[PDB]
Every structure is written in structure tokens, then in C-alpha cells.
Amino acid sequence: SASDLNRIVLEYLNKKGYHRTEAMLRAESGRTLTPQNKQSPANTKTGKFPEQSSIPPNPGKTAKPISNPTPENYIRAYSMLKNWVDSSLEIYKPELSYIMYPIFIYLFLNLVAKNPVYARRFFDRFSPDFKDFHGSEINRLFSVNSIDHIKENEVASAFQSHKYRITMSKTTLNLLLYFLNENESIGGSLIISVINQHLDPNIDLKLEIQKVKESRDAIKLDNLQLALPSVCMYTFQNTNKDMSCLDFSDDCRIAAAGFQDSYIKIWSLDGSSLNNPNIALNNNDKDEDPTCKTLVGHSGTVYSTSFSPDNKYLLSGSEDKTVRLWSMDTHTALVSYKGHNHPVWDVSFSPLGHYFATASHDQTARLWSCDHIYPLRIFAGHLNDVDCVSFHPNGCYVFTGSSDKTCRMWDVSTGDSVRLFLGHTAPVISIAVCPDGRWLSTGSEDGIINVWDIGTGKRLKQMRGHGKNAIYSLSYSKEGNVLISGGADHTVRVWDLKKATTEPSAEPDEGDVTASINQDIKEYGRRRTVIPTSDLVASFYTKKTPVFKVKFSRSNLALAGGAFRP
Amino acid sequence: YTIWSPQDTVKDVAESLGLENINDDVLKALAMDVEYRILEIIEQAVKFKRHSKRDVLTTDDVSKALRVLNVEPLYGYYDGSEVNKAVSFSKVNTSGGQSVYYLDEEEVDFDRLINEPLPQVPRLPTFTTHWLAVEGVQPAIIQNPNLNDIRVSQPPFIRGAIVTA
Amino acid sequence: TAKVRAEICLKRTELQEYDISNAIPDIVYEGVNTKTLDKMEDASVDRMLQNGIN
Amino acid sequence: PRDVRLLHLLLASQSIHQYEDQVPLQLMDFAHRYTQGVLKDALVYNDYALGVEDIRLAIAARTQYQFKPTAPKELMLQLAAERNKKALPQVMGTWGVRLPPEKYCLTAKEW
């Protein structure tokens, strides 16, 4: 019945106004896979930050995924070098203490010529640190605010003629060049241009930077190999089956668990005070602080909870038809958010922390904002209710999975669905999109993960190692593609995303004994057992506690979390 | 038909009203719609069960599929010492041409309900952390499983495929 | 340790504290699981120790 | 009872193998009340004008206010299109979380 669907598609295009060549080319564009973007997480050499321009996102001014290929102000470009030399009381400290002054002076003198108010920010931001080292010269540089003010100060006008000399060693010059080459587009190239055009280094410089870039290009890692992560498991003990899904913050200092009796429980994962004294020390050591704070603002059971990337606010979604906001440094409620008439099941912040999306029983997802009490977009189009919600890592699309065996990608501005992904056989329960952004992964309640690509919309492959049960959470490797799935069968499994695709991801050159005999025992029967894909590599069981949360930290250490069940 | 009742359950409510004789087409269509409504309760119940992070279908998982589906609440299915499956299906047969089960219950005094001591309360929740894996293998502390008794405990549809690095 | 370290240093050019693979790291805080039980028991004995006041 | 084990087979037919004991009791005490109300309203509607269209009137009288509504996707699509007319507001550009105004937050309140 798929050839008849192809004929219905062709007649739909013919009646909806696509030329025969145009429909053939749109079919050929729909069939081929999304190619590889080499700047996939935007590596810090050729990648830029997002603009902070106070406008909402817009997925327009944008070409297709099928086609092949793919200002930066002075204060942050100096603060990068400032913090990099400030993080070191090493053997190379006072040479950076020497060379930190004329780069600041030349950046200030090159920034007064373009933007005066940014220059007034930049001067007084980094003023009082070397005043005792460089005398009243910075007091002489108070009266420079324009191009004609530079002609008043004779040393500032001489700084264009007198190139500032500095005698630098070879190891310090190579350290500075290999630091300012490893991140160009933050401002390293802007520092390098000032160093090349205004400084006098004692030991041509363009050939030196060419040799730096060529020797840095001569040794890289082209195709990455897999790595098995270390999992730290947080097991919660005295929860009599009344602890819903939990979450960890970033820096992993706070854990938030939503209870069935309308509390949010807040744990300091370091054993810290979690009282935020802030030197006031007024009174009340008479209370009992077990390094754990409770939050009582809900009247229903808390079904989801999400932490801001700022990590100072908590967002709790309940079955009373509100989502509440909590301050993590005074432990009270701030804002109630009322836009649903059914229970709330999955709240999730943006990547940049701008605005949060919500899932509920009313078959619609809702886009919000943390400063608006009522919603901003309604995501309608599912047949059953929405279970999970997640953004694209740029904060520009929304992904919602629902209990009618499908998930959708929504435009965040126009509201209408852009992708519909079909192929599952159970309620989609957890969804996650890779830091590359070209591949979407989700897990159902059938114990089957699968990955599609967002350009073609069809299935690359699936993952068949979990038990016929729920896949509660999902997490991604920070750099590259290794999927960590914490489900309901008490295991945390590890998945290679790049086995059966056109990207093989650098297999080893040269055997085992345990491989292909563990599921060749099959004592329970062939039809009554699971057979794993070739993508599953490892599986860590937890001994009778289930894993509600997997959270892959920055440094190849994942954290799992759950409650000790009996 | 469908699997709820031809007449053997719906008709004994039809007689509870007073309605003597009605056709079997009425009872067929009526019982089909009644167990469709039962499945409509059951599906929201398994949705609340899944989002409450559990595996059993407790009585508060169907009692929250009632408030969602606006059904008037079924009071009296939660008592003291709320344990998992507090066994109370002691329904007593009564004979005849067919079967009748009437759910016997023992009466009790009030002064043995006010002069009855209070149960045990557990500790407030805490956590405890360890290493599930250090490089992709499991370090076999007391907190780790044994990976060979995982065979003799759970079938491979509730424990999944065992593979190791 | 004079016999095992000679074999280890002859193996690398191709109790103990420099077997690299078999080491577990340390956690900044792990929770109580057994000490709180005996803490509650001798706290109950302390509530018996306070001359019979409930 | 016959319907306790019939509810066992019904629950197992939709892959529900773990549940408590009073859950088929709750399903039976729902179905009793629902069928009794439906047959009482149908006896009223048959005294007015039993039969199957009478049952259809009595279960269409109460479909309208309690259970899950039917095909609600086009009304929700219309409602979404009424909400997604307004373009998105201007956001902060200081990379954090901005609150509402102080009267629209749960802080300037008193007991």
C-alpha cells in the first residue's frame, strides 16, 4: 500500500502546483541524507556565539539541509586573555603580568576610534588592577574619549608612532600564539591583529603564525573512536514509591526530586550547608537542617522538574494545573504559570534559558516565557497527549513526543509542525537531539530507541537492547555521538550511533569470547528473549533500583539517578 | 459480543433498577460501550502509572484517571497501612443456578478504633552514591550486581540483553 | 615489593599504587546507610538514659 | 468472581501484568454505576417516546460532559491558529532568566 501512497503523493503535488521537474527534484532532495557539517558543535576556532540582540528566534533566512556545505567586541576578547593569564600562579605568571598592559592600552586606543561608550566600559572595567604598577598614566588617560582627544594626549598620539617594544622568550611567545590560535573567533584573531600591527616583539611574524597554524594542523584527531563512560549513580533510599522523576543541576551540586505528596525535595549533592547565609548570620540554628530543603507550593503531584542553565532557578510542573518557579538561593516560590487545564508532565527550559516548553495531557504542547504568566505558542496536532518535550540545541525548534507512537518538530515562531516522525510502536517517553543537530533520537515504552535524521525525516536505524519496558531518560556525549540510555529495566546502556550509517566512526583494526554467546544461551526461548543490535556495547545494571535520570557531564562522566525501590 | 458480559453482569444491574425483560441487542451494545469506557479509564490509568515512575497499576492510578475523565469519585479504596497490594479480594460465593459473590465485611466497634495504636513511620529520605562504572566495566563493590544472578532473577523481557565491555 | 616492581618496569617499556587500569576514584560526599541506624539506636538508648521521660 | 478474572484477562490483553487487588473492584464499581445511570436515563427516554437507539440517546446525553471528547484535533488546530497569530515578544539579551513585574509574582503578598 506504499506504491498507492506514492501515487497519492504525486497527484497531490500535481494538483497543489509543483512542476514535473520541480516535483522530481523535490523527491530527489527528500531522499538523500543530511550531509556532514564539519563545524557540528561549532568548534571554537570557526564557531561564533549567538547574538544577544533582544529579538525572538526565527528559522527563516535559511537554505535546505540537503545542499552540501555550511562585531565581536573588545571587552570579551580581552577578558578571555585576562582570565587565561589570571588562572595561573605558575612559573609563567609574571611574564603575563608584564605583557598584559600594552595589549589593554592598544585595545583601548583602537576602540576609542570606533565606539566611545564601549571604550568607557572597557577602560573602567580593567582600571584599578595595575594603577600602582603603571603610575599616573591611566589618570592621564582619563581625558581621552574621542578621536580628537587622542591628539591632546601626547603619549597616546605617540603610541601610533612608537611601537611598544617587549622582549619575550620563545616559550612564552609560542604559548601565546598557540593559545590565540586554538580559539580565533572568540577574539583570538582580534588580539593577534593588534599584536601583529602595533607591538614590537623581541626574540617577520606572519610566517610565524603560518608555521603555528601548519604545525597545529599537522596533528589532530580526524575520525574519533568510542569511549566508555564512567557512571556515578545516586540512589535515594527512603522513598516509599512516592518519588517521581528527578533532575541534577549543572556543576551537579543540587538535586531536585518531585514527590507524590506535593513537595520538591532539594539535596546538596556535596553535603554542603544549602542555607545561603551570605554572612548575615542572624539567628535560627534551632531548626534542623539535614542539608536538604523542602519546597511546598504545589497542590498536586509533581510529575516533572527542570533546572535552568543559569542553575539559580527551578521549574516544577505538577498535576495541579500550574508550573511554578523557585529561587534556588532563598528557597521560596516566585511565579505561578497557569495555561493548562490538564496535568503537566514535562517542563524543559531553553538552551539559552530564554523560554520554556511544556507537555500536558490536553494533547498540546505550550511555549512560554519566564516573564509572561500565560503562554506564547500552542503546539497542537498530536492525536494523543504529549509525554516528552525538548528543544533543538539552538533554541529554535521544539521536539514533542506523544502517546500515539509518533513525535513532531515544531517551528517556534509560526507554531506549525515542520516534521512528523513515524515508525514507533509504543508511547514515545524520552526524546533527545544530538549536539550536531542533524540526528534525532528517542525511546519508547517498547524498549526500542531509534534515530532519524531531520532532513530526510526517515529512519537511519534503531536500537534493540533494552527490555520490553520503558526508557525513562536519555543523554548524549558532549563531543561526538555516544548515547546513554537509563531505563526501567534497572540498566544504563551505552550505544554507538555511527555503526550502520555512512559514518563508521573509526572501528578498531583487529575478537572476544563473551561476544555473541551471551544472547546465544537463550535458555528462556528464542521468541521470549531480546536480541541486541550491533550498536549496543555495554550495559551497567543497578541491582533492583531503577534509573530515572541520566545526565552526561562535560568530562566523560555521566551521572545516573534513581530511587531504591523496595 | 465482547468480553465484558453477554447478560451475566449488565442484566443484574438492569434488574436492580426494576427493568424485567429487555432484548439481547440492547445488552450487547450496552456492554460493548461499558467496557469501552473501562478501557478508556485503563488507558489514562497507564498514562498516570508511566508518568508516576512505577510498574504496578495502583488504586491511585485509576483514581486519577477519574478526575481527568470527569467521573464521579469511587471513594473507599484506600485504608490504613497503605502497602503495595493490601490484599482485600475476599469475595464469598453464594449458590443458585448461577454464581453470586457479595464481598463479606466484618463490623467493628468504635472503641477499638479509637483505642488502637499508631503504626510505624519510616525515616525521611536520604541518598547514597557509588560508582556504577569507572571505565565501562563494573567494579563489583557490594552496591553492584553480580551479572550471573540477573539470569535467575528476571526474564529477558524485563531485564534486557546482557552484554559487557 | 622488590620482585613485582622489576617485572612491572620491564613490562612498561614495550597495596600497590601504580596499576593504572584498576583504580576507583573518590566521591566528595556519599550518603549514610549504616551509621544512621546505630545512631538512631543509641539515640533511643539516650532517650532511655534521660531518667525515664518520654 | 467471573468478572474479576474477566478483568484479569482484559488487563492482560492490553499488557498490564502488574496491578493491585482493588483495581478490578474499582473497575466493576465504575461499570455498575455507569450502566445503572445509563439504563435509568434510557428508561426515561423510552417512557418519553427498550431499544438500542434509546441506549444511544442515553449515552449521548452524558458523553457531552465527562469522558474524553472525540476528534479534538481540528478545534485545537483552530485555537492554536488563533493563538499563533501574535508574533513573539522581545526577549532579554542578557543571557539569563527574567521575571514578570513584581505584582505578577508571588512575593508582594501578606498573611
# chains A, B, ... in the order shown; residues from 1 in each chain; ligands from 1

$ residues_around --residues "residue 547 of chain A" --least-positions-apart "2" --cutoff "6 Å" --atoms "only C-alpha atoms" --output "PDB file with N, CA, C and O atoms, in the first residue's frame"
ATOM      1  N   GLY A 486      19.201   5.480  30.232  1.00  0.00           N
ATOM      2  CA  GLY A 486      18.819   4.944  31.523  1.00  0.00           C
ATOM      3  C   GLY A 486      17.339   4.630  31.594  1.00  0.00           C
ATOM      4  O   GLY A 486      16.511   5.543  31.630  1.00  0.00           O
ATOM      5  N   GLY A 487      16.990   3.344  31.620  1.00  0.00           N
ATOM      6  CA  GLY A 487      15.600   2.945  31.511  1.00  0.00           C
ATOM      7  C   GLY A 487      14.975   2.345  32.754  1.00  0.00           C
ATOM      8  O   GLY A 487      15.376   2.652  33.879  1.00  0.00           O
ATOM      9  N   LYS A 549      17.097   9.154  35.830  1.00  0.00           N
ATOM     10  CA  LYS A 549      17.807  10.246  35.175  1.00  0.00           C
ATOM     11  C   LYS A 549      19.198   9.803  34.752  1.00  0.00           C
ATOM     12  O   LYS A 549      19.912   9.179  35.539  1.00  0.00           O
ATOM     13  N   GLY A 561      20.636   8.475  38.235  1.00  0.00           N
ATOM     14  CA  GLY A 561      19.914   8.776  39.453  1.00  0.00           C
ATOM     15  C   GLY A 561      18.595   8.048  39.491  1.00  0.00           C
ATOM     16  O   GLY A 561      17.892   7.944  38.477  1.00  0.00           O
ATOM     17  N   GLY A 562      18.252   7.565  40.680  1.00  0.00           N
ATOM     18  CA  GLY A 562      17.009   6.846  40.871  1.00  0.00           C
ATOM     19  C   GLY A 562      16.788   6.570  42.340  1.00  0.00           C
ATOM     20  O   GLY A 562      17.560   6.997  43.200  1.00  0.00           O
TER      21      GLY A 562
END

$ closest_residue --among "B:11, B:85, B:49, B:130" --to "chain A" --atoms "only C-alpha atoms"
B:130

$ interface_residues --of "chain C" --to "chain B" --cutoff "7 Å" --atoms "only C-alpha atoms" --output "list in words"
residues 24, 30, 31 and 32 of chain C

$ closest_atom_pairs --of "chain D" --to "chain A" --cutoff "9 Å" --atoms "only C-alpha atoms" --output "JSON lines"
{"residue": "D:71", "atom": "CA", "partner": "A:383", "partner_atom": "CA", "distance": 8.2}
{"residue": "D:72", "atom": "CA", "partner": "A:383", "partner_atom": "CA", "distance": 8.4}
{"residue": "D:73", "atom": "CA", "partner": "A:381", "partner_atom": "CA", "distance": 6.1}
{"residue": "D:74", "atom": "CA", "partner": "A:381", "partner_atom": "CA", "distance": 8.2}
{"residue": "D:76", "atom": "CA", "partner": "A:380", "partner_atom": "CA", "distance": 6.1}
{"residue": "D:77", "atom": "CA", "partner": "A:380", "partner_atom": "CA", "distance": 5.8}
{"residue": "D:79", "atom": "CA", "partner": "A:378", "partner_atom": "CA", "distance": 8.3}
{"residue": "D:80", "atom": "CA", "partner": "A:378", "partner_atom": "CA", "distance": 5.2}
{"residue": "D:81", "atom": "CA", "partner": "A:415", "partner_atom": "CA", "distance": 8.2}
{"residue": "D:83", "atom": "CA", "partner": "A:377", "partner_atom": "CA", "distance": 6.4}
{"residue": "D:84", "atom": "CA", "partner": "A:377", "partner_atom": "CA", "distance": 5.7}
{"residue": "D:85", "atom": "CA", "partner": "A:414", "partner_atom": "CA", "distance": 8.0}
{"residue": "D:86", "atom": "CA", "partner": "A:376", "partner_atom": "CA", "distance": 8.2}
{"residue": "D:87", "atom": "CA", "partner": "A:413", "partner_atom": "CA", "distance": 7.0}
{"residue": "D:88", "atom": "CA", "partner": "A:56", "partner_atom": "CA", "distance": 6.3}
{"residue": "D:89", "atom": "CA", "partner": "A:56", "partner_atom": "CA", "distance": 6.8}
{"residue": "D:90", "atom": "CA", "partner": "A:55", "partner_atom": "CA", "distance": 5.1}
{"residue": "D:91", "atom": "CA", "partner": "A:54", "partner_atom": "CA", "distance": 5.0}
{"residue": "D:92", "atom": "CA", "partner": "A:54", "partner_atom": "CA", "distance": 5.2}
{"residue": "D:93", "atom": "CA", "partner": "A:52", "partner_atom": "CA", "distance": 4.6}
{"residue": "D:94", "atom": "CA", "partner": "A:52", "partner_atom": "CA", "distance": 7.0}
{"residue": "D:95", "atom": "CA", "partner": "A:352", "partner_atom": "CA", "distance": 6.5}
{"residue": "D:96", "atom": "CA", "partner": "A:353", "partner_atom": "CA", "distance": 5.9}
{"residue": "D:97", "atom": "CA", "partner": "A:353", "partner_atom": "CA", "distance": 6.3}
{"residue": "D:98", "atom": "CA", "partner": "A:371", "partner_atom": "CA", "distance": 5.5}
{"residue": "D:99", "atom": "CA", "partner": "A:371", "partner_atom": "CA", "distance": 4.4}
{"residue": "D:100", "atom": "CA", "partner": "A:371", "partner_atom": "CA", "distance": 4.0}
{"residue": "D:101", "atom": "CA", "partner": "A:371", "partner_atom": "CA", "distance": 7.6}
{"residue": "D:104", "atom": "CA", "partner": "A:335", "partner_atom": "CA", "distance": 7.5}
{"residue": "D:105", "atom": "CA", "partner": "A:335", "partner_atom": "CA", "distance": 4.8}
{"residue": "D:106", "atom": "CA", "partner": "A:334", "partner_atom": "CA", "distance": 5.1}
{"residue": "D:107", "atom": "CA", "partner": "A:334", "partner_atom": "CA", "distance": 6.4}

$ residues_around --residues "residue 344 of chain A" --least-positions-apart "4" --cutoff "9 Å" --atoms "only C-alpha atoms" --output "ChimeraX atom specification"
/A:302-304,317-323,340,358-361

$ interface_residues --of "chain B" --to "chain A" --cutoff "10 Å" --atoms "only C-alpha atoms" --output "ChimeraX atom specification"
/B:44,47-48,50-55,64,67-68,83-84,122-138,143-147,150-151,154-165

$ write_last_selection --atoms "N, CA and C atoms" --output "compact mmCIF listing (two decimals), in the first residue's frame"
# COMPACT_ATOMS: atom_id res chain seq x y z
N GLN B 44 -5.87 6.01 30.43
CA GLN B 44 -5.40 7.14 31.23
C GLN B 44 -4.76 6.67 32.53
N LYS B 47 -1.25 5.79 31.59
CA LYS B 47 -0.52 7.05 31.40
C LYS B 47 -0.08 7.65 32.73
N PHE B 48 -0.97 7.65 33.73
CA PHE B 48 -0.59 8.16 35.04
C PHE B 48 0.42 7.25 35.74
N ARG B 50 2.78 5.43 34.13
CA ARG B 50 4.06 5.69 33.48
C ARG B 50 4.65 7.02 33.93
N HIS B 51 3.84 8.06 34.03
CA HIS B 51 4.41 9.34 34.45
C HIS B 51 4.57 9.46 35.96
N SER B 52 4.12 8.49 36.74
CA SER B 52 4.44 8.46 38.16
C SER B 52 5.66 7.60 38.47
N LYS B 53 6.32 7.08 37.43
CA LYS B 53 7.56 6.29 37.51
C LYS B 53 7.36 5.03 38.35
N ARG B 54 6.46 4.17 37.88
CA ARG B 54 6.13 2.94 38.58
C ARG B 54 5.83 1.84 37.57
N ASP B 55 5.63 0.63 38.09
CA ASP B 55 5.38 -0.55 37.28
C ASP B 55 4.05 -1.23 37.58
N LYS B 64 -6.92 8.75 39.50
CA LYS B 64 -6.54 9.98 38.82
C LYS B 64 -6.86 9.94 37.34
N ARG B 67 -10.62 11.78 37.74
CA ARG B 67 -10.66 13.24 37.75
C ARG B 67 -10.36 13.82 36.37
N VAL B 68 -9.51 13.14 35.60
CA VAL B 68 -9.22 13.57 34.24
C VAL B 68 -10.42 13.32 33.33
N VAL B 83 0.02 -0.47 52.00
CA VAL B 83 1.09 -1.25 51.44
C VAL B 83 0.76 -1.56 49.99
N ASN B 84 1.76 -2.04 49.25
CA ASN B 84 1.52 -2.50 47.88
C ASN B 84 0.69 -3.78 47.92
N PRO B 122 8.55 5.45 58.65
CA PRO B 122 9.97 5.26 58.30
C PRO B 122 10.80 6.52 58.46
N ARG B 123 12.04 6.47 57.99
CA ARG B 123 12.90 7.64 58.02
C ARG B 123 12.57 8.56 56.85
N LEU B 124 12.95 9.83 56.99
CA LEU B 124 12.82 10.76 55.88
C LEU B 124 13.88 10.42 54.84
N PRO B 125 13.65 10.73 53.56
CA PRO B 125 14.56 10.26 52.51
C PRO B 125 15.96 10.85 52.59
N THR B 126 16.94 10.01 52.25
CA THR B 126 18.33 10.39 52.05
C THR B 126 18.80 9.74 50.75
N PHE B 127 20.02 10.05 50.35
CA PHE B 127 20.61 9.42 49.17
C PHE B 127 21.95 8.80 49.55
N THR B 128 22.54 8.07 48.61
CA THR B 128 23.81 7.38 48.79
C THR B 128 24.38 7.09 47.41
N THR B 129 25.62 7.49 47.17
CA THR B 129 26.22 7.38 45.85
C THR B 129 27.38 6.40 45.85
N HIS B 130 27.64 5.84 44.67
CA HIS B 130 28.74 4.91 44.44
C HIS B 130 29.10 4.99 42.96
N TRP B 131 29.93 4.07 42.50
CA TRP B 131 30.32 4.02 41.09
C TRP B 131 29.64 2.85 40.41
N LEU B 132 28.80 3.16 39.42
CA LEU B 132 28.20 2.11 38.62
C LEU B 132 29.19 1.56 37.61
N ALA B 133 30.11 2.40 37.13
CA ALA B 133 31.15 2.03 36.18
C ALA B 133 32.26 3.06 36.29
N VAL B 134 33.50 2.63 36.01
CA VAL B 134 34.66 3.50 36.14
C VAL B 134 35.28 3.71 34.76
N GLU B 135 35.19 2.70 33.90
CA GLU B 135 35.67 2.84 32.53
C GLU B 135 34.80 2.04 31.56
N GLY B 136 33.60 1.65 31.97
CA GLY B 136 32.76 0.79 31.17
C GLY B 136 32.67 -0.63 31.68
N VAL B 137 33.33 -0.93 32.79
CA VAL B 137 33.16 -2.20 33.48
C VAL B 137 32.71 -1.88 34.89
N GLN B 138 32.14 -2.86 35.55
CA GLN B 138 31.58 -2.56 36.85
C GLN B 138 32.50 -3.06 37.95
N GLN B 143 27.59 -2.67 46.31
CA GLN B 143 26.50 -1.96 45.66
C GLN B 143 26.29 -2.34 44.20
N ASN B 144 27.15 -3.15 43.62
CA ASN B 144 26.96 -3.57 42.24
C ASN B 144 26.30 -4.94 42.19
N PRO B 145 25.64 -5.28 41.07
CA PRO B 145 25.10 -6.64 40.93
C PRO B 145 26.16 -7.66 40.54
N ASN B 146 25.74 -8.90 40.31
CA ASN B 146 26.67 -9.99 40.05
C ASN B 146 26.67 -10.48 38.61
N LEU B 147 25.64 -10.12 37.82
CA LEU B 147 25.52 -10.29 36.37
C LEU B 147 25.34 -11.76 35.96
N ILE B 150 21.45 -12.25 37.59
CA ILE B 150 20.47 -11.49 36.82
C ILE B 150 19.74 -12.42 35.86
N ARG B 151 20.35 -13.55 35.52
CA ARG B 151 19.67 -14.56 34.72
C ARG B 151 18.57 -15.24 35.54
N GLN B 154 15.34 -12.37 36.70
CA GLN B 154 14.38 -11.73 35.81
C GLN B 154 14.44 -12.32 34.41
N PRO B 155 13.29 -12.50 33.75
CA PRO B 155 13.28 -12.95 32.36
C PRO B 155 13.78 -11.86 31.43
N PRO B 156 14.26 -12.20 30.21
CA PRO B 156 14.94 -11.19 29.38
C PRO B 156 14.03 -10.20 28.68
N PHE B 157 12.76 -10.12 29.08
CA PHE B 157 11.88 -9.07 28.62
C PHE B 157 11.68 -7.98 29.66
N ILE B 158 12.10 -8.19 30.91
CA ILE B 158 12.10 -7.15 31.92
C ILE B 158 13.50 -6.83 32.43
N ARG B 159 14.53 -7.40 31.80
CA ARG B 159 15.92 -7.09 32.13
C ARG B 159 16.79 -6.80 30.92
N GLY B 160 16.33 -7.12 29.71
CA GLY B 160 17.07 -6.79 28.51
C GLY B 160 18.31 -7.65 28.29
N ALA B 161 19.02 -7.33 27.21
CA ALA B 161 20.16 -8.12 26.77
C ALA B 161 21.41 -7.76 27.56
N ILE B 162 22.04 -8.77 28.16
CA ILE B 162 23.29 -8.59 28.89
C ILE B 162 24.44 -8.65 27.90
N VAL B 163 25.14 -7.53 27.74
CA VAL B 163 26.45 -7.51 27.09
C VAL B 163 27.37 -6.65 27.94
N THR B 164 28.66 -6.96 27.89
CA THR B 164 29.66 -6.32 28.74
C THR B 164 30.84 -5.92 27.85
N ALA B 165 31.62 -4.94 28.31
CA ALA B 165 32.75 -4.44 27.55
C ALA B 165 33.95 -5.38 27.69

$ closest_residue --among "C:34, C:9, C:54, C:29" --to "residue 271 of chain A" --atoms "only C-alpha atoms"
C:29

$ select_by_dssp --residues "chain B" --states "strand (DSSP E or B)" --output "PyMOL selection string"
chain B and resi 93-94+100-101+127-131

$ closest_residue --among "B:19, B:56, B:92, B:118" --to "chain D" --atoms "only C-alpha atoms"
B:56

$ residues_around --residues "residue 38 of chain D" --least-positions-apart "3" --cutoff "6 Å" --atoms "only C-alpha atoms" --output "list in words"
residues 35, 41 and 58 of chain D

$ write_last_selection --atoms "C-alpha atoms" --output "JSON list (two decimals), in the first residue's frame"
[["chain", "number", "residue", "atom", "x", "y", "z"],
["D", 35, "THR", "CA", -24.68, 1.13, 33.43],
["D", 41, "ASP", "CA", -31.96, 7.64, 31.66],
["D", 58, "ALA", "CA", -28.88, 7.90, 26.96]]

$ closest_atom_pairs --of "chain D" --to "chain B" --cutoff "7 Å" --atoms "only C-alpha atoms" --output "Markdown table"
| residue | atom | partner | partner_atom | distance |
| --- | --- | --- | --- | --- |
| D:1 | CA | B:101 | CA | 6.3 |
| D:18 | CA | B:56 | CA | 4.6 |
| D:19 | CA | B:57 | CA | 4.3 |
| D:20 | CA | B:85 | CA | 4.7 |
| D:21 | CA | B:85 | CA | 5.8 |
| D:22 | CA | B:59 | CA | 6.7 |
| D:23 | CA | B:59 | CA | 5.7 |
| D:27 | CA | B:38 | CA | 6.7 |
| D:31 | CA | B:34 | CA | 6.3 |
| D:32 | CA | B:13 | CA | 6.8 |
| D:35 | CA | B:34 | CA | 6.9 |
| D:36 | CA | B:13 | CA | 6.2 |
| D:39 | CA | B:14 | CA | 6.9 |
| D:50 | CA | B:22 | CA | 6.1 |
| D:51 | CA | B:26 | CA | 6.0 |
| D:52 | CA | B:26 | CA | 5.2 |
| D:66 | CA | B:70 | CA | 4.7 |
| D:67 | CA | B:69 | CA | 4.7 |
| D:68 | CA | B:69 | CA | 6.1 |

$ write_last_selection --atoms "N, CA and C atoms" --output "short mmCIF file (atom, residue, chain, number, x, y, z; two decimals), in the first residue's frame"
data_model
loop_
_atom_site.label_atom_id
_atom_site.label_comp_id
_atom_site.auth_asym_id
_atom_site.auth_seq_id
_atom_site.Cartn_x
_atom_site.Cartn_y
_atom_site.Cartn_z
N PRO D 1 -14.76 -14.17 41.58
CA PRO D 1 -15.86 -13.78 40.70
C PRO D 1 -15.51 -13.92 39.23
N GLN D 18 1.16 -6.18 36.08
CA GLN D 18 1.30 -5.80 37.48
C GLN D 18 0.23 -4.78 37.82
N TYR D 19 -0.61 -5.11 38.80
CA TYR D 19 -1.59 -4.18 39.35
C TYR D 19 -1.91 -4.62 40.76
N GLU D 20 -2.69 -3.81 41.46
CA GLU D 20 -3.09 -4.14 42.82
C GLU D 20 -4.37 -4.98 42.78
N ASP D 21 -4.98 -5.18 43.94
CA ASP D 21 -6.12 -6.09 44.05
C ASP D 21 -7.45 -5.38 43.85
N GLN D 22 -7.60 -4.18 44.39
CA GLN D 22 -8.86 -3.45 44.34
C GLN D 22 -9.06 -2.68 43.05
N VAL D 23 -8.20 -2.88 42.05
CA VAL D 23 -8.33 -2.21 40.76
C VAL D 23 -9.43 -2.85 39.90
N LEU D 27 -12.93 -1.03 38.89
CA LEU D 27 -13.50 -1.07 37.54
C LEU D 27 -14.92 -1.60 37.53
N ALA D 31 -18.32 0.40 36.46
CA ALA D 31 -19.20 -0.09 35.40
C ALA D 31 -20.63 -0.29 35.89
N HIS D 32 -20.80 -0.64 37.17
CA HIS D 32 -22.13 -0.76 37.74
C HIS D 32 -22.86 0.58 37.76
N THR D 35 -23.58 1.83 34.08
CA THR D 35 -24.68 1.13 33.43
C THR D 35 -26.01 1.41 34.10
N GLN D 36 -26.02 1.62 35.42
CA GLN D 36 -27.26 1.93 36.12
C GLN D 36 -27.78 3.31 35.74
N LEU D 39 -29.04 3.10 32.04
CA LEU D 39 -30.32 2.41 31.89
C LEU D 39 -31.47 3.18 32.54
N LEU D 50 -36.81 -2.07 26.11
CA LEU D 50 -36.42 -0.89 25.35
C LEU D 50 -35.56 -1.26 24.14
N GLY D 51 -34.95 -0.26 23.50
CA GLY D 51 -34.25 -0.46 22.25
C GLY D 51 -32.84 0.11 22.29
N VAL D 52 -32.14 -0.09 21.17
CA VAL D 52 -30.72 0.27 21.12
C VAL D 52 -30.55 1.77 20.87
N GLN D 66 -18.45 14.29 30.38
CA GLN D 66 -17.48 13.66 31.25
C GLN D 66 -16.28 13.04 30.55
N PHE D 67 -16.47 12.14 29.59
CA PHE D 67 -15.31 11.40 29.11
C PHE D 67 -14.53 12.20 28.06
N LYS D 68 -13.51 11.56 27.51
CA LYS D 68 -12.60 12.17 26.55
C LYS D 68 -13.34 12.52 25.26
#

$ closest_residue --among "A:117, A:218, A:500, A:252" --to "chain C" --atoms "only C-alpha atoms"
A:252

$ atom_distance --atom1 "atom CA of residue 60 of chain D" --atom2 "atom CA of residue 33 of chain D"
16.3 Å

$ closest_residue --among "A:270, A:182, A:148, A:137" --to "chain C" --atoms "only C-alpha atoms"
A:270
